[PDB]
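model_18.pdb, holding PDB, C-alpha atoms and all ligand atoms:
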```pdb
ATOM      1  CA  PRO Q   1     207.735 176.828 -90.128
ATOM      2  CA  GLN Q   2     207.953 173.727 -87.922
ATOM      3  CA  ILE Q   3     205.747 173.824 -84.805
ATOM      4  CA  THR Q   4     206.352 171.322 -82.015
ATOM      5  CA  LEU Q   5     203.496 170.292 -79.785
ATOM      6  CA  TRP Q   6     204.899 170.755 -76.277
ATOM      7  CA  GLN Q   7     202.576 173.737 -76.034
ATOM      8  CA  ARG Q   8     199.167 174.495 -77.557
ATOM      9  CA  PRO Q   9     199.886 175.516 -81.183
ATOM     10  CA  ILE Q  10     198.490 179.061 -80.973
ATOM     11  CA  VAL Q  11     199.376 181.264 -83.938
ATOM     12  CA  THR Q  12     198.634 184.808 -85.061
ATOM     13  CA  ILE Q  13     196.189 185.157 -87.916
ATOM     14  CA  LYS Q  14     195.419 188.277 -89.879
ATOM     15  CA  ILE Q  15     191.758 188.570 -90.688
ATOM     16  CA  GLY Q  16     190.428 191.781 -92.221
ATOM     17  CA  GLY Q  17     192.919 194.451 -91.118
ATOM     18  CA  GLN Q  18     192.854 192.763 -87.751
ATOM     19  CA  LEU Q  19     195.374 190.556 -85.948
ATOM     20  CA  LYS Q  20     194.046 187.716 -83.794
ATOM     21  CA  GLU Q  21     195.160 184.564 -82.016
ATOM     22  CA  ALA Q  22     193.971 181.121 -83.057
ATOM     23  CA  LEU Q  23     194.701 177.474 -82.231
ATOM     24  CA  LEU Q  24     195.754 175.129 -85.038
ATOM     25  CA  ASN Q  25     193.379 172.242 -84.422
ATOM     26  CA  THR Q  26     193.685 169.095 -86.576
ATOM     27  CA  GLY Q  27     190.735 167.707 -84.604
ATOM     28  CA  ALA Q  28     188.505 170.412 -86.140
ATOM     29  CA  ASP Q  29     187.140 170.164 -89.711
ATOM     30  CA  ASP Q  30     186.323 173.877 -89.979
ATOM     31  CA  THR Q  31     187.599 177.268 -88.937
ATOM     32  CA  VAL Q  32     185.479 179.074 -86.353
ATOM     33  CA  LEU Q  33     186.174 182.576 -85.130
ATOM     34  CA  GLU Q  34     184.689 184.766 -82.417
ATOM     35  CA  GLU Q  35     182.282 187.370 -83.857
ATOM     36  CA  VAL Q  36     183.940 189.773 -86.307
ATOM     37  CA  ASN Q  37     182.224 191.927 -88.935
ATOM     38  CA  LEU Q  38     183.300 190.233 -92.149
ATOM     39  CA  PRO Q  39     181.675 191.990 -95.102
ATOM     40  CA  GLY Q  40     179.286 190.695 -97.698
ATOM     41  CA  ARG Q  41     176.903 187.811 -98.011
ATOM     42  CA  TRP Q  42     176.986 184.827 -95.682
ATOM     43  CA  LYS Q  43     175.085 181.565 -95.155
ATOM     44  CA  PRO Q  44     173.736 180.208 -91.864
ATOM     45  CA  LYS Q  45     175.589 177.110 -90.623
ATOM     46  CA  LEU Q  46     175.036 174.695 -87.723
ATOM     47  CA  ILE Q  47     178.150 173.407 -86.006
ATOM     48  CA  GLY Q  48     178.808 171.248 -82.948
ATOM     49  CA  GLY Q  49     175.800 168.977 -82.400
ATOM     50  CA  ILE Q  50     176.267 167.093 -79.183
ATOM     51  CA  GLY Q  51     173.619 168.400 -76.841
ATOM     52  CA  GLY Q  52     172.296 170.577 -79.649
ATOM     53  CA  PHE Q  53     173.833 172.706 -82.392
ATOM     54  CA  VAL Q  54     175.206 176.223 -82.397
ATOM     55  CA  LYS Q  55     174.402 178.494 -85.329
ATOM     56  CA  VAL Q  56     177.179 180.476 -86.936
ATOM     57  CA  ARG Q  57     177.586 182.458 -90.140
ATOM     58  CA  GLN Q  58     179.470 180.898 -93.037
ATOM     59  CA  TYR Q  59     181.672 183.282 -95.022
ATOM     60  CA  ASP Q  60     183.253 181.868 -98.166
ATOM     61  CA  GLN Q  61     186.474 182.721 -99.996
ATOM     62  CA  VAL Q  62     187.709 184.881 -97.136
ATOM     63  CA  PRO Q  63     191.264 186.231 -97.403
ATOM     64  CA  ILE Q  64     193.262 185.431 -94.300
ATOM     65  CA  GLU Q  65     196.884 185.317 -93.253
ATOM     66  CA  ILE Q  66     198.467 182.706 -91.032
ATOM     67  CA  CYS Q  67     202.029 183.351 -89.979
ATOM     68  CA  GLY Q  68     202.473 185.460 -93.100
ATOM     69  CA  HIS Q  69     200.865 182.893 -95.375
ATOM     70  CA  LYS Q  70     198.024 184.540 -97.276
ATOM     71  CA  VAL Q  71     195.207 182.078 -97.971
ATOM     72  CA  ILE Q  72     191.615 182.186 -99.259
ATOM     73  CA  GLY Q  73     189.129 180.100 -97.282
ATOM     74  CA  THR Q  74     185.799 179.453 -95.553
ATOM     75  CA  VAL Q  75     185.579 181.071 -92.125
ATOM     76  CA  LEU Q  76     182.773 180.351 -89.658
ATOM     77  CA  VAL Q  77     181.929 183.356 -87.498
ATOM     78  CA  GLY Q  78     180.293 182.961 -84.098
ATOM     79  CA  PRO Q  79     180.611 181.972 -80.458
ATOM     80  CA  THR Q  80     183.510 179.711 -79.604
ATOM     81  CA  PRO Q  81     185.563 179.059 -76.458
ATOM     82  CA  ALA Q  82     188.545 180.219 -78.559
ATOM     83  CA  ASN Q  83     189.436 181.010 -82.165
ATOM     84  CA  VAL Q  84     190.032 177.749 -83.960
ATOM     85  CA  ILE Q  85     191.893 177.174 -87.191
ATOM     86  CA  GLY Q  86     190.597 173.897 -88.650
ATOM     87  CA  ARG Q  87     191.705 171.492 -91.342
ATOM     88  CA  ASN Q  88     190.002 173.527 -94.081
ATOM     89  CA  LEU Q  89     192.592 176.309 -93.722
ATOM     90  CA  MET Q  90     195.513 174.106 -92.804
ATOM     91  CA  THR Q  91     195.318 172.478 -96.214
ATOM     92  CA  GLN Q  92     195.260 175.931 -97.793
ATOM     93  CA  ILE Q  93     198.544 176.893 -96.157
ATOM     94  CA  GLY Q  94     199.999 173.458 -96.966
ATOM     95  CA  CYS Q  95     200.201 172.398 -93.322
ATOM     96  CA  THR Q  96     200.847 168.734 -92.541
ATOM     97  CA  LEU Q  97     201.520 166.387 -89.645
ATOM     98  CA  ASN Q  98     205.057 164.928 -89.775
ATOM     99  CA  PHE Q  99     206.941 162.327 -87.762
TER     100      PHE Q  99
ATOM    101  CA  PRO L   1     204.876 159.578 -92.200
ATOM    102  CA  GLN L   2     203.592 162.819 -93.675
ATOM    103  CA  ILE L   3     199.860 163.246 -93.154
ATOM    104  CA  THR L   4     197.951 165.842 -95.145
ATOM    105  CA  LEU L   5     194.797 167.292 -93.619
ATOM    106  CA  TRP L   6     192.256 166.945 -96.417
ATOM    107  CA  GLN L   7     190.603 164.214 -94.384
ATOM    108  CA  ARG L   8     190.443 163.687 -90.610
ATOM    109  CA  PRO L   9     193.903 162.417 -89.553
ATOM    110  CA  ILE L  10     192.655 159.142 -88.067
ATOM    111  CA  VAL L  11     195.346 156.571 -87.322
ATOM    112  CA  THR L  12     195.817 153.034 -86.041
ATOM    113  CA  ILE L  13     197.246 152.563 -82.564
ATOM    114  CA  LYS L  14     198.328 149.459 -80.717
ATOM    115  CA  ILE L  15     197.412 149.532 -77.021
ATOM    116  CA  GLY L  16     196.997 146.694 -74.537
ATOM    117  CA  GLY L  17     197.839 144.519 -77.550
ATOM    118  CA  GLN L  18     194.486 145.662 -79.024
ATOM    119  CA  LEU L  19     194.395 147.377 -82.395
ATOM    120  CA  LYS L  20     192.456 150.640 -82.285
ATOM    121  CA  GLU L  21     191.556 153.666 -84.412
ATOM    122  CA  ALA L  22     192.307 157.180 -83.167
ATOM    123  CA  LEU L  23     192.362 160.807 -84.260
ATOM    124  CA  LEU L  24     195.494 162.937 -84.203
ATOM    125  CA  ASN L  25     194.150 166.009 -82.393
ATOM    126  CA  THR L  26     196.556 168.948 -81.926
ATOM    127  CA  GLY L  27     193.617 170.756 -80.338
ATOM    128  CA  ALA L  28     193.797 168.274 -77.451
ATOM    129  CA  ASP L  29     196.340 168.377 -74.646
ATOM    130  CA  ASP L  30     195.758 164.803 -73.467
ATOM    131  CA  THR L  31     195.101 161.339 -74.878
ATOM    132  CA  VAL L  32     191.652 159.941 -74.148
ATOM    133  CA  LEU L  33     190.540 156.476 -75.123
ATOM    134  CA  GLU L  34     187.446 154.281 -74.994
ATOM    135  CA  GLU L  35     187.145 151.975 -71.969
ATOM    136  CA  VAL L  36     190.085 149.560 -71.898
ATOM    137  CA  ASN L  37     191.156 147.383 -69.007
ATOM    138  CA  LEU L  38     194.688 148.770 -68.746
ATOM    139  CA  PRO L  39     196.477 146.933 -65.916
ATOM    140  CA  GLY L  40     197.800 148.281 -62.663
ATOM    141  CA  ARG L  41     197.388 151.472 -60.692
ATOM    142  CA  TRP L  42     195.647 154.605 -61.890
ATOM    143  CA  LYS L  43     194.697 158.077 -60.728
ATOM    144  CA  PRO L  44     191.316 159.803 -60.981
ATOM    145  CA  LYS L  45     191.395 162.708 -63.464
ATOM    146  CA  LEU L  46     188.764 165.292 -64.382
ATOM    147  CA  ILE L  47     188.625 166.255 -68.037
ATOM    148  CA  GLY L  48     186.500 168.561 -70.205
ATOM    149  CA  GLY L  49     184.854 171.140 -67.957
ATOM    150  CA  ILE L  50     182.378 173.082 -70.062
ATOM    151  CA  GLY L  51     178.985 172.366 -68.612
ATOM    152  CA  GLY L  52     180.714 170.089 -66.137
ATOM    153  CA  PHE L  53     183.653 167.669 -65.976
ATOM    154  CA  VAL L  54     183.936 163.990 -66.889
ATOM    155  CA  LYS L  55     185.812 161.553 -64.621
ATOM    156  CA  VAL L  56     188.345 159.328 -66.320
ATOM    157  CA  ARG L  57     191.199 157.087 -65.247
ATOM    158  CA  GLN L  58     194.751 158.327 -65.657
ATOM    159  CA  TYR L  59     197.307 155.623 -66.493
ATOM    160  CA  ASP L  60     200.988 156.649 -66.687
ATOM    161  CA  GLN L  61     203.880 155.382 -68.801
ATOM    162  CA  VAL L  62     201.703 153.195 -70.944
ATOM    163  CA  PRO L  63     203.405 151.488 -73.881
ATOM    164  CA  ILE L  64     201.652 152.418 -77.096
ATOM    165  CA  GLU L  65     202.460 152.219 -80.821
ATOM    166  CA  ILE L  66     201.338 154.871 -83.287
ATOM    167  CA  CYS L  67     201.810 154.250 -87.002
ATOM    168  CA  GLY L  68     204.796 152.016 -86.252
ATOM    169  CA  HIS L  69     206.252 154.133 -83.447
ATOM    170  CA  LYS L  70     206.517 152.387 -80.088
ATOM    171  CA  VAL L  71     206.149 155.061 -77.444
ATOM    172  CA  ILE L  72     205.491 155.570 -73.730
ATOM    173  CA  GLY L  73     203.028 157.985 -72.170
ATOM    174  CA  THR L  74     199.957 158.958 -70.196
ATOM    175  CA  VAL L  75     196.666 157.578 -71.465
ATOM    176  CA  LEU L  76     193.307 158.640 -70.050
ATOM    177  CA  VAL L  77     190.676 155.917 -70.150
ATOM    178  CA  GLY L  78     186.970 156.693 -70.169
ATOM    179  CA  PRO L  79     184.021 157.838 -72.274
ATOM    180  CA  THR L  80     184.719 159.882 -75.372
ATOM    181  CA  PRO L  81     182.877 160.446 -78.676
ATOM    182  CA  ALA L  82     185.941 158.716 -80.120
ATOM    183  CA  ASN L  83     189.550 157.839 -79.209
ATOM    184  CA  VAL L  84     191.821 160.875 -79.368
ATOM    185  CA  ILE L  85     195.624 161.072 -79.489
ATOM    186  CA  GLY L  86     196.540 164.415 -77.828
ATOM    187  CA  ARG L  87     199.703 166.485 -77.879
ATOM    188  CA  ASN L  88     201.232 164.523 -74.997
ATOM    189  CA  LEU L  89     201.676 161.498 -77.250
ATOM    190  CA  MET L  90     202.405 163.460 -80.410
ATOM    191  CA  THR L  91     205.452 164.917 -78.706
ATOM    192  CA  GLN L  92     206.556 161.381 -77.844
ATOM    193  CA  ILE L  93     206.510 160.313 -81.481
ATOM    194  CA  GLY L  94     208.118 163.617 -82.517
ATOM    195  CA  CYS L  95     205.056 164.705 -84.516
ATOM    196  CA  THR L  96     205.111 168.332 -85.693
ATOM    197  CA  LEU L  97     202.922 170.696 -87.738
ATOM    198  CA  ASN L  98     204.804 171.833 -90.850
ATOM    199  CA  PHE L  99     203.973 174.402 -93.515
TER     200      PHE L  99
HETATM  201  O1  LIG Q 101     184.142 154.827 -73.180
HETATM  202  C1  LIG Q 101     183.770 153.765 -72.289
HETATM  203  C2  LIG Q 101     182.541 153.041 -72.784
HETATM  204  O2  LIG Q 101     182.922 152.172 -73.867
HETATM  205  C3  LIG Q 101     181.772 151.629 -74.517
HETATM  206  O3  LIG Q 101     182.219 150.840 -75.567
HETATM  207  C4  LIG Q 101     180.932 150.799 -73.563
HETATM  208  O4  LIG Q 101     179.744 150.357 -74.205
HETATM  209  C5  LIG Q 101     180.610 151.560 -72.282
HETATM  210  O5  LIG Q 101     180.065 150.654 -71.332
HETATM  211  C6  LIG Q 101     181.870 152.199 -71.704
HETATM  212  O6  LIG Q 101     181.578 153.019 -70.586
END
```
Turn this file's structure into structure tokens for me.
Ligand SMILES: OC[C@H]1O[C@@H](O)[C@H](O)[C@@H](O)[C@@H]1O
Amino acid sequence: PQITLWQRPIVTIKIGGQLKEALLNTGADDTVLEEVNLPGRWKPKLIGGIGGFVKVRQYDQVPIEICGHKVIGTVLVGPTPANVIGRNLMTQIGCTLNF
Amino acid sequence: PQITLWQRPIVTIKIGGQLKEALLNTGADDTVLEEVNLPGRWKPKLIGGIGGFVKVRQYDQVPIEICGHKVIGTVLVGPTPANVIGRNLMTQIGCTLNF
């Protein structure tokens, strides 16, 4: 798909038998999602930093679908002003900037 | 150009004749740049918001070049962790997300 940038590039993602909305953010290195009960082991992770850090949980090799593209990737789970799909998953789905 | 997202998509812009470094941020609506003495009239603008707003200067129809594309658009000038090219300018160069 080709997504123009007149509007915020919000897409539907499928994460664990659950459909959500997330913004494709090339300004973000990682993918952060509002609390969801992903199964299994996870590692603590600090994100953000300016003014202090926020702790989230790092889930690895998570299966997730982005506009019908099934990918495996690291998902950070915790508080966030919105769901954000970062560069880590955009390379998995082969997403690039073109002009 | 086609820019893959394995690394931060940082690019070179030409503004006020100056050569500068900036990040292509689809997560951002607007373009915000380090202090620069752009000439002529401007408008106060509030940006950010979470925890408070930051006051910047809004300059319209500024000539700017991005990776060899001469374009025209609104540039906000004020403090910022780093220079950011937002969607307003990415539409002007016809930059899209593709996967
Ligand atoms: O973003 C604007 C800022 O640019 C910095 O390079 C300057 O040291 C600071 O004085 C100015 O306010």
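Near chain Q, within 7 Å and counting only C-alpha atoms, the residues of chain L are residues 1, 2, 3, 4, 5, 6, 24, 25, 26, 27, 87, 90, 91, 93, 94, 95, 96, 97, 98 and 99 of chain L.
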Among L:37, L:12, L:31, L:18, residue 73 in chain L is approached most closely, using all atoms listed in the file, by L:31
Could you jot down the CA of residue 41 in chain Q to CA of residue 19 in chain Q separation for me, Å, one decimal place? 22.2 Å
I'd like a table as CSV: residues in chain L with an atom no more than 10 Å from ligand LIG 101 (chain Q), each row giving the shortest atom pair and its distance in Å to one decimal, all atoms listed in the file counted, sorted by chain and rising residue number.
```
residue,atom,partner,partner_atom,distance
L:32,CA,Q:LIG101,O1,9.1
L:33,CA,Q:LIG101,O1,6.9
L:34,CA,Q:LIG101,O1,3.8
L:35,CA,Q:LIG101,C1,3.8
L:36,CA,Q:LIG101,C1,7.6
L:56,CA,Q:LIG101,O1,9.2
L:77,CA,Q:LIG101,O1,7.3
L:78,CA,Q:LIG101,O1,4.5
L:79,CA,Q:LIG101,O1,3.1
L:80,CA,Q:LIG101,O1,5.5
L:81,CA,Q:LIG101,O1,8.0
L:82,CA,Q:LIG101,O1,8.2
L:83,CA,Q:LIG101,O1,8.6
```
Separation of CA of residue 16 in chain L from CA of residue 46 in chain L in Å: 22.7 Å
Which residue of Q:57, Q:14, Q:70, Q:20 approaches residue 42 in chain Q most closely, using all atoms listed in the file: Q:57
For CA of residue 58 in chain L and CA of residue 15 in chain L, the interatomic separation in Å (one decimal):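 We find that CA of residue 58 in chain L and CA of residue 15 in chain L lie 14.6 Å from each other.
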Around all listed atoms of range 72-76 of chain Q, padded 4 Å per side, what centre and edge lengths does the axis-aligned box have in Å to one decimal, as JSON?
```
{"center_x": 187.2, "center_y": 180.8, "center_z": -94.5, "size_x": 16.8, "size_y": 10.7, "size_z": 17.6}
```
Output the residue selection produced by the PyMOL selection byres (((chain L and resi 72) around 7) and not hetatm) on the file above, formatted as a list in words. residues 61, 62, 63, 64, 71 and 73 of chain L
Which residue gives the smallest distance to residue 39 in chain Q among Q:60, Q:13, Q:68, Q:54, with only C-alpha atoms counted? Q:60
Just save range 62-93 of chain L with C-alpha atoms, as a CSV table (one decimal), in the first residue's frame.
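New file decode27.csv:
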```csv
chain,number,residue,atom,x,y,z
L,62,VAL,CA,9.4,29.4,3.4
L,63,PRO,CA,11.6,28.1,0.6
L,64,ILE,CA,13.4,24.9,1.6
L,65,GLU,CA,15.2,22.1,-0.1
L,66,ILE,CA,15.1,18.5,1.1
L,67,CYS,CA,17.4,15.9,-0.5
L,68,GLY,CA,17.4,17.9,-3.7
L,69,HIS,CA,13.8,18.9,-3.7
L,70,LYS,CA,13.1,22.7,-3.6
L,71,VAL,CA,9.8,23.2,-1.8
L,72,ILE,CA,7.7,25.8,-0.1
L,73,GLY,CA,6.0,25.5,3.3
L,74,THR,CA,5.4,26.5,6.9
L,75,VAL,CA,8.4,26.2,9.2
L,76,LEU,CA,8.2,26.6,13.0
L,77,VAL,CA,11.3,28.1,14.5
L,78,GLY,CA,12.2,27.5,18.2
L,79,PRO,CA,13.6,25.1,20.7
L,80,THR,CA,13.5,21.4,19.9
L,81,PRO,CA,15.6,18.4,20.9
L,82,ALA,CA,16.5,18.3,17.2
L,83,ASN,CA,15.2,19.7,13.8
L,84,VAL,CA,12.2,17.8,12.6
L,85,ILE,CA,10.6,17.7,9.1
L,86,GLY,CA,6.9,17.0,9.7
L,87,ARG,CA,4.1,15.8,7.4
L,88,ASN,CA,3.4,19.3,6.2
L,89,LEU,CA,6.7,19.3,4.3
L,90,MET,CA,6.7,15.7,3.4
L,91,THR,CA,3.5,16.2,1.5
L,92,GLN,CA,5.2,19.1,-0.4
L,93,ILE,CA,8.0,16.8,-1.6
```
